[PDB]
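The next block is coords08.txt, given as compact mmCIF, C-alpha atoms.
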```
# COMPACT_ATOMS: atom_id res chain seq x y z
CA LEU A 40 103.87 95.17 21.85
CA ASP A 41 100.58 96.52 20.51
CA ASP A 42 98.20 94.67 22.82
CA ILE A 43 95.75 96.15 25.35
CA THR A 44 95.85 92.94 27.37
CA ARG A 45 99.21 94.02 28.81
CA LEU A 46 97.66 97.20 30.20
CA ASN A 47 96.17 97.39 33.69
CA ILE A 48 93.35 99.94 33.58
CA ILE A 49 91.41 100.07 36.86
CA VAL A 50 88.84 102.29 38.59
CA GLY A 51 89.82 104.87 41.19
CA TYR A 52 88.15 107.40 43.49
CA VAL A 53 89.75 110.77 44.22
CA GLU A 54 89.92 111.53 47.95
CA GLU A 55 92.19 114.58 47.75
CA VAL A 56 93.39 117.05 45.15
CA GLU A 57 96.38 119.17 46.13
CA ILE A 58 98.30 121.80 44.20
CA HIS A 59 101.91 120.76 43.65
CA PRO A 60 104.55 122.63 45.62
CA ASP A 61 107.30 123.39 43.08
CA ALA A 62 105.67 122.70 39.72
CA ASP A 63 102.16 124.19 39.86
CA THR A 64 101.12 122.57 36.57
CA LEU A 65 100.63 119.25 38.32
CA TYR A 66 97.79 118.24 40.62
CA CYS A 67 98.93 115.86 43.33
CA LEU A 68 95.93 113.56 43.49
CA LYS A 69 95.42 110.91 46.13
CA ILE A 70 93.43 108.10 44.56
CA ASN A 71 91.93 105.12 46.34
CA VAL A 72 92.41 102.38 43.76
CA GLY A 73 91.36 99.50 45.99
CA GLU A 74 94.72 98.83 47.61
CA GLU A 75 95.69 99.00 51.30
CA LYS A 76 96.29 102.74 51.00
CA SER A 77 95.44 105.27 48.30
CA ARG A 78 97.98 105.81 45.51
CA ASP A 79 99.71 109.14 44.99
CA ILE A 80 99.33 110.32 41.39
CA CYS A 81 100.35 113.57 39.71
CA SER A 82 98.23 114.88 36.85
CA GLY A 83 98.77 118.03 34.80
CA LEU A 84 95.13 119.00 34.40
CA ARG A 85 95.50 122.14 36.52
CA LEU A 86 95.88 124.20 33.35
CA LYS A 87 92.37 123.34 32.16
CA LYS A 88 90.60 121.98 35.24
CA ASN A 89 90.45 123.26 38.81
CA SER A 90 90.49 121.13 41.96
CA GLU A 91 86.72 120.77 42.34
CA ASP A 92 86.30 119.36 38.83
CA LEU A 93 88.38 116.37 39.94
CA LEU A 94 87.54 115.76 43.61
CA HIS A 95 85.19 112.92 44.61
CA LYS A 96 85.02 111.62 41.04
CA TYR A 97 85.57 108.12 39.68
CA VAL A 98 88.50 108.11 37.25
CA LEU A 99 90.43 105.55 35.21
CA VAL A 100 94.01 104.89 36.25
CA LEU A 101 96.73 103.10 34.30
CA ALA A 102 98.13 101.27 37.31
CA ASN A 103 100.91 98.94 36.17
CA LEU A 104 103.29 101.82 35.46
CA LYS A 105 106.63 102.01 37.26
CA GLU A 106 106.84 104.37 40.24
CA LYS A 107 108.24 107.85 39.66
CA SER A 108 109.19 110.82 41.85
CA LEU A 109 108.37 113.92 39.81
CA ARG A 110 109.83 117.16 41.17
CA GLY A 111 110.07 115.96 44.77
CA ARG A 112 106.62 114.39 45.13
CA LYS A 113 105.94 110.77 44.22
CA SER A 114 103.59 109.53 41.50
CA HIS A 115 102.37 105.98 40.91
CA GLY A 116 100.28 105.70 37.75
CA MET A 117 98.31 108.19 35.70
CA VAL A 118 94.71 109.24 35.13
CA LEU A 119 93.44 108.58 31.61
CA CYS A 120 91.81 111.55 29.92
CA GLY A 121 90.33 112.35 26.53
CA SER A 122 91.37 115.44 24.61
CA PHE A 123 89.76 117.37 21.77
CA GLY A 124 91.14 120.73 20.71
CA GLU A 125 91.91 122.78 23.80
CA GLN A 126 89.42 120.82 25.88
CA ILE A 127 90.41 117.88 28.04
CA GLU A 128 88.12 115.67 30.11
CA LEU A 129 88.38 112.75 32.51
CA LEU A 130 87.34 109.34 31.29
CA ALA A 131 84.35 108.39 33.41
CA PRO A 132 83.06 104.92 34.24
CA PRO A 133 79.33 104.70 34.90
CA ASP A 134 78.53 105.60 38.51
CA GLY A 135 78.31 102.75 40.98
CA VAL A 136 81.35 100.82 39.75
CA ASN A 137 83.50 99.11 42.37
CA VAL A 138 86.83 100.76 43.14
CA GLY A 139 89.77 98.75 41.85
CA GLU A 140 87.83 96.79 39.22
CA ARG A 141 89.64 96.27 35.92
CA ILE A 142 88.39 97.98 32.79
CA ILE A 143 88.42 95.49 29.93
CA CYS A 144 87.72 95.85 26.22
CA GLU A 145 84.76 94.35 24.39
CA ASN A 146 85.31 90.64 23.64
CA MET A 147 88.72 90.49 25.33
CA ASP A 148 89.74 87.61 27.62
CA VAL A 149 89.71 88.61 31.28
CA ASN A 150 92.15 85.74 31.97
CA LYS A 151 94.80 87.42 29.84
CA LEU A 152 96.70 89.37 32.49
CA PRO A 153 98.36 92.81 32.23
CA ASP A 154 102.12 93.23 32.71
CA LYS A 155 103.28 93.25 36.33
CA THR A 156 105.16 96.46 35.55
CA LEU A 157 105.53 98.49 32.35
CA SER A 158 108.95 99.56 31.10
CA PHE A 159 110.84 102.53 32.37
CA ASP A 160 111.88 103.27 28.79
CA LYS A 161 109.03 104.69 26.77
CA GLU A 162 109.90 103.00 23.53
CA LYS A 163 109.51 99.50 24.91
CA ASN A 164 106.38 100.38 26.87
CA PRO A 165 103.29 99.24 25.01
CA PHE A 166 101.04 102.06 26.08
CA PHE A 167 102.87 104.48 23.78
CA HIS A 168 102.42 102.03 20.95
CA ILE A 169 98.76 101.63 21.80
CA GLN A 170 97.91 105.31 22.46
CA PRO A 171 97.34 106.18 18.77
CA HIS A 172 94.59 103.51 18.74
CA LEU A 173 92.92 104.97 21.83
CA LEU A 174 90.10 107.23 20.70
CA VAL A 175 86.83 108.63 21.97
CA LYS A 176 83.83 108.07 19.72
CA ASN A 177 80.40 109.62 20.33
CA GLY A 178 81.14 109.86 24.05
CA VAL A 179 82.45 106.31 24.40
CA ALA A 180 86.09 105.28 24.88
CA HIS A 181 87.67 103.03 22.25
CA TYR A 182 90.73 100.95 21.48
CA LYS A 183 90.86 100.01 17.79
CA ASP A 184 87.05 99.97 17.31
CA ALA A 185 86.50 98.23 20.67
CA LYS A 186 84.51 99.82 23.50
CA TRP A 187 85.83 99.91 27.06
CA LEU A 188 83.47 98.05 29.37
CA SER A 189 83.16 98.41 33.13
CA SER A 190 80.97 96.26 35.38
CA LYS A 191 78.17 98.80 34.94
CA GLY A 192 78.62 99.79 31.29
CA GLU A 193 80.78 101.57 28.73
CA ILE A 194 83.38 104.16 29.73
CA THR A 195 81.91 107.58 29.02
CA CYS A 196 83.62 110.85 28.21
CA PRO A 197 82.01 114.32 28.00
CA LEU A 198 83.55 114.66 24.53
CA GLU A 199 83.21 113.19 21.05
CA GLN A 200 85.88 112.04 18.58
CA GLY A 201 88.56 112.97 21.12
CA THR A 202 92.02 111.45 21.52
CA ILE A 203 92.92 109.47 24.65
CA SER A 204 96.13 110.03 26.63
```
Structure rendered as structure tokens:
Amino acid sequence: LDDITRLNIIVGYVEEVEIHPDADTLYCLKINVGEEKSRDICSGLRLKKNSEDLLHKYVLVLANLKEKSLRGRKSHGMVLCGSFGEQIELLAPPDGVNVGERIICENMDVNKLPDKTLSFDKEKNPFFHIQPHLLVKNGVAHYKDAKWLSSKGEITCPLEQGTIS
């Protein structure tokens, strides 16, 4: 269960950020993740970030999550952020990375594929078993001492020693 190779973390670009109709805590993002049309994803960063701090930025999306329909609007995936105290920041791949590319760990096998779909039940879903081992360190993202590597470099975060969620 504890195994990052089952996770599909890929690069997305935010084309639109829209305030949610009923629940205002959520931002309804539209994120081109390399597929035929951009995914709809809902992120509760509205409390700490405003719409411009998200728009036209490259983010990291956990993509092999099951589809949900939160509060009337639909949401397919989630944007990975790093938190430290009452600050929260997007995980950022170096600029110039190709949309859709898979973020892999240092020294992990790229042939080892992620799950087609992660479990509806949280307990059996690895991510929640892995999340304690997801940390930020000196501005770099880590899983159990291993750095996240994109095609252009390590995944940066404008924080240090932060927790990843």
* Tell me which protein, DNA and RNA residues are within 12 Å of residue A:73, counting all atoms listed in the file, leaving out same-chain ones fewer than 3 positions away, and put them as a PyMOL selection string. => chain A and resi 49-53+70+76-78+100+102+136-141
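Note that atom CA of residue A:112 and atom CA of residue A:126 are 26.6 Å apart.
Nearest residue to residue A:109 among A:176, A:155, A:59, A:85 is A:59, counting all atoms listed in the file.
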* Asked: atom CA of residue A:131 and atom CA of residue A:94 are how many Å apart?
  ->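 Separation of atom CA of residue A:131 and atom CA of residue A:94: 13.0 Å.
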* Structure fact -> Of A:80, A:98, A:40, A:68, the one sitting nearest residue A:165 when using only C-alpha atoms is A:40
* Length of the atom CA of residue A:184 to atom CA of residue A:147 vector [Å] ->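 Between these atoms lies a distance of 12.5 Å.
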* To do: Place a sphere of radius 6 Å on (107.6, 119.2, 43.4) in the file coordinates and name every protein, DNA or RNA residue with an atom inside or on its surface, counting all atoms listed in the file; give the answer as a PyMOL selection string.
  => chain A and resi 59-62+110-112
* To do: Using all atoms listed in the file, determine which residues lie at most 8 Å from stretch 64-67 of chain A, disregarding the query and same-chain residues fewer than 4 positions distant; provide the list as JSON, numbers by chain.
  => {"A": [56, 57, 58, 59, 79, 80, 81, 82, 83, 84, 85, 86, 90]}
Go ahead and fit an axis-aligned box to every listed atom of stretch 117-131 of chain A plus 8 Å each side, and pass me the centre and edge lengths in Å, one decimal, as JSON.
```
{"center_x": 91.3, "center_y": 115.5, "center_z": 28.2, "size_x": 30.0, "size_y": 30.6, "size_z": 31.0}
```
* Asked: Which residue gives the smallest distance to residue A:146 among A:99, A:44, A:127, A:173, with all atoms listed in the file counted?
  -> A:44
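Among the candidates A:145, A:154, A:199, A:42, the one nearest to residue A:121 when counting all atoms listed in the file is A:199.
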* Asked: From the list A:133, A:153, A:116, A:124, which residue is nearest residue A:195 when using only C-alpha atoms?
  ->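 The closest residue to residue A:195 is A:133.
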* Would you mind listing what lies within 7 Å of residue A:183 as a count of residues only, with all atoms listed in the file counted and same-chain residues fewer than 2 positions away left out? => 4
Each stretch 72-148 of chain A residue no farther than 10 Å from stretch 159-163 of chain A, nearest pair in Å, only C-alpha atoms, as a Markdown table:
```
| residue | atom | partner | partner_atom | distance |
| --- | --- | --- | --- | --- |
| A:104 | CA | A:159 | CA | 8.2 |
| A:105 | CA | A:159 | CA | 6.5 |
| A:106 | CA | A:159 | CA | 9.0 |
| A:107 | CA | A:159 | CA | 9.4 |
```
